[PDB]
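Next up: a single chain in structure tokens, the form solved without this ligand.
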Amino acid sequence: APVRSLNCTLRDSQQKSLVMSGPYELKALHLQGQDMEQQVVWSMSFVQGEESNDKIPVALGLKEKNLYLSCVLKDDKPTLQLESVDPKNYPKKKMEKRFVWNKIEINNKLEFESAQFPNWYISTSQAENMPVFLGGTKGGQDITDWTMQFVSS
């Protein structure tokens, strides 16, 4: 097949799950039991780019939906957003740079660094039910570590 993908869910190091807040926004919160069902399921694609043993470029989109995690400048600052794309042309092996994320395997966790903006990571707040955002600080007050779970697809 052209581009390879696998389905998964993501949780931050504080065990918070992701749910689609608005139409183009994600929020992180502690979920368990029935609520679990609300969590977003992703289709992670292995696209083209600078690769390494612990740095794999990927694209992140919602499963079965033409929505992808993108990186753009807003108020002179790298920002995260969910972007709509033509459902016929995606996903592809050569994704536009703003859609590429470097999946980094640290200790036993994962970090998602923007390919566009070096050292900017998909982060979550310690707080409950807050938006997921792009952060440029490491080891600070915000969470930048994740674990992924593979789903039967």
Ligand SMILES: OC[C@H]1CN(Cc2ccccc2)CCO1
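Position 1 is the first residue in the sequence shown; the rest follow in order.
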property: Greater mean Cα temperature factor according to the PDB record, 28-36 or 111-119; result: 28-36
property: Stretch exceeding the other in mean C-alpha B-factor - 100-108, 54-62; result: 100-108
property: Lowest, middle or highest third - CA B-factor, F46; result: middle
property: B-factor third for the C-alpha atom of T144 within its chain; result: middle
property: Chain third (lowest, middle, highest) by recorded CA B-factor, residue given as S21; result: highest
property: Chain-relative CA temperature factor third for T9; result: lowest
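Another form exists, deposited with this ligand bound; not displayed. Remarks below refer to it.
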item: Interface residue in the bound PDB entry among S84, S52, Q126, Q38, criterion: non-hydrogen atom within 4.5 angstroms of this ligand; value: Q38
item: 4.5 Å heavy atom contact, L62 and this ligand in the bound PDB entry; value: yes
